[PDB]
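For reference, the structure is listed below as structure tokens.
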Amino acid sequence: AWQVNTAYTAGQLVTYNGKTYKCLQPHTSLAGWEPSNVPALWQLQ
């Protein structure tokens with residue numbers, strides 16, 4: 001369950017509307033990085 005406005009660490013695993021995502025860079029999720037517009041650190045599948 002991805003969390004908006006949270007702190008994730010590389011190698012993390014978040015999930016959006018029935019979507020699978022894997023954080024690859026230590027950063028903070030904000031109300032905008034939900035669609036995963038930055039594959040540089042968003043490994044979805």
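Going through the structure tokens in order, the chains are called A, B, and so on, while each chain numbers its residues from 1 and the ligands are numbered from 1 in the order shown.
Shell of residue 24 in chain A at 9 Å, with only C-alpha atoms counted and residues fewer than 4 places along the chain excluded, is residues 9, 10, 11, 12, 13, 40, 41, 42 and 43 of chain A.
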All residues 7 Å or closer to residue 27 in chain A, only C-alpha atoms, same chain fewer than 2 positions away omitted, as a PyMOL selection string: chain A and resi 7-9+25+29
Going by DSSP on the backbone, which residues of chain A come out as strand (DSSP E or B)? List them as a list in words.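 Reading the DSSP output for chain A, strand (DSSP E or B) covers residues 6, 7, 8, 14, 15, 16, 19, 20, 21, 23, 27, 28, 29 and 42 of chain A.
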Please dump the current selection as an mmCIF file, in the first residue's frame; keep N, CA and C atoms.
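Below is the file selection_20.cif, written as the result:
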```
data_model
loop_
_atom_site.group_PDB
_atom_site.id
_atom_site.type_symbol
_atom_site.label_atom_id
_atom_site.label_comp_id
_atom_site.auth_asym_id
_atom_site.auth_seq_id
_atom_site.Cartn_x
_atom_site.Cartn_y
_atom_site.Cartn_z
ATOM 1 N N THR A 6 5.415 10.220 2.545
ATOM 2 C CA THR A 6 6.127 9.289 3.468
ATOM 3 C C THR A 6 7.605 9.181 3.081
ATOM 4 N N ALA A 7 8.388 8.504 3.875
ATOM 5 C CA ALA A 7 9.835 8.359 3.547
ATOM 6 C C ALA A 7 10.142 6.909 3.165
ATOM 7 N N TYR A 8 10.487 6.671 1.929
ATOM 8 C CA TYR A 8 10.793 5.278 1.498
ATOM 9 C C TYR A 8 12.295 5.111 1.256
ATOM 10 N N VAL A 14 6.034 -0.502 -2.997
ATOM 11 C CA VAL A 14 4.738 0.206 -2.786
ATOM 12 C C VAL A 14 3.694 -0.309 -3.783
ATOM 13 N N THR A 15 2.436 -0.087 -3.517
ATOM 14 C CA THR A 15 1.387 -0.566 -4.465
ATOM 15 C C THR A 15 0.272 0.475 -4.592
ATOM 16 N N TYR A 16 -0.027 0.890 -5.792
ATOM 17 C CA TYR A 16 -1.107 1.901 -5.985
ATOM 18 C C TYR A 16 -2.414 1.200 -6.365
ATOM 19 N N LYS A 19 -1.860 -1.616 -8.386
ATOM 20 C CA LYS A 19 -0.603 -1.533 -9.185
ATOM 21 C C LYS A 19 0.599 -1.949 -8.334
ATOM 22 N N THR A 20 1.588 -2.544 -8.945
ATOM 23 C CA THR A 20 2.792 -2.974 -8.180
ATOM 24 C C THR A 20 3.951 -2.008 -8.438
ATOM 25 N N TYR A 21 4.637 -1.596 -7.406
ATOM 26 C CA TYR A 21 5.773 -0.650 -7.597
ATOM 27 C C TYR A 21 6.921 -0.990 -6.642
ATOM 28 N N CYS A 23 10.274 0.806 -4.989
ATOM 29 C CA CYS A 23 11.179 1.985 -4.853
ATOM 30 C C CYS A 23 12.638 1.552 -5.019
ATOM 31 N N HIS A 27 14.066 8.129 -0.952
ATOM 32 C CA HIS A 27 13.496 9.501 -1.090
ATOM 33 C C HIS A 27 12.163 9.595 -0.340
ATOM 34 N N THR A 28 11.428 10.655 -0.542
ATOM 35 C CA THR A 28 10.122 10.801 0.165
ATOM 36 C C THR A 28 8.970 10.855 -0.841
ATOM 37 N N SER A 29 7.999 9.998 -0.692
ATOM 38 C CA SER A 29 6.844 10.008 -1.634
ATOM 39 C C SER A 29 5.972 11.240 -1.371
ATOM 40 N N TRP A 42 11.442 4.354 -9.859
ATOM 41 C CA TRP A 42 10.158 3.605 -9.709
ATOM 42 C C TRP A 42 10.182 2.325 -10.550
#
```
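What separates CA of residue 5 in chain A from CA of residue 31 in chain A is a distance of 6.6 Å.
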Spatial neighbours of residue 17 in chain A, max dist 10 Å, only C-alpha atoms, sep filter under 5 positions, as a ChimeraX atom specification: /A:1-2,34-35
